[PDB]
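What follows is a set of notes on a single structure, which appears directly below.
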C-alpha cells in the first residue's frame, strides 16, 4: 500500500513547514522512515532518516530540518525551518523494517519555497 503525507505547501524563503508521514498498522515502532526529495529536472535524493530513534540528515539540510516520530499516532514529522528556494521539491517518505521488508512509499507532497 501507500503511506500518507501532509504538511506541504508554498512558502516564502525563511519560512517553515512541517511534513507528516503516517502509516497504518500495529508495527509502526518497528518501522524506519526515510525522506527523499526531487527538485524539478533533477534526481531523487536522500533528505533525512529516523531509524528507531536515531536520526540522520543530508548535508544540505542538517541543522535546519529535524525528523521525529510519535509512535502513539503512527506518525513521523519532518520539521523544515529556514527554508531556501533550493529546498523546492516533491518530498516522499519511505518505510521499512531492519531487513528491508515491510517497504512502502508515500505518493509525494509538494514543497515550494519562493525567493524574495
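Note: ideal-geometry Cβ built from the backbone for every residue, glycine included; neighbour counts use all protein chains shown. Bear in mind these aren't lab numbers, they're just calculated from the coordinates by the rules spelled out.
Overall dimensions of the chain, expressed as equivalent-ellipsoid semi-axes from the Cα gyration tensor (√(5λ), whole Å, largest first), are 24, 14, 13. Which residues in the stretch 88-106 have a backbone N closer than 18 Å to a point placed 7 Å from the Cα of residue 30 along the Cα-to-Cβ line? So the set is 95-105. Structural descriptor for the chain: relative contact order 36 percent, calculated from alpha carbon pairs under 8 angstrom and at least 6 residues apart. Of all DSSP-defined beta bridges confined to the chain, some 85% are antiparallel rather than parallel.
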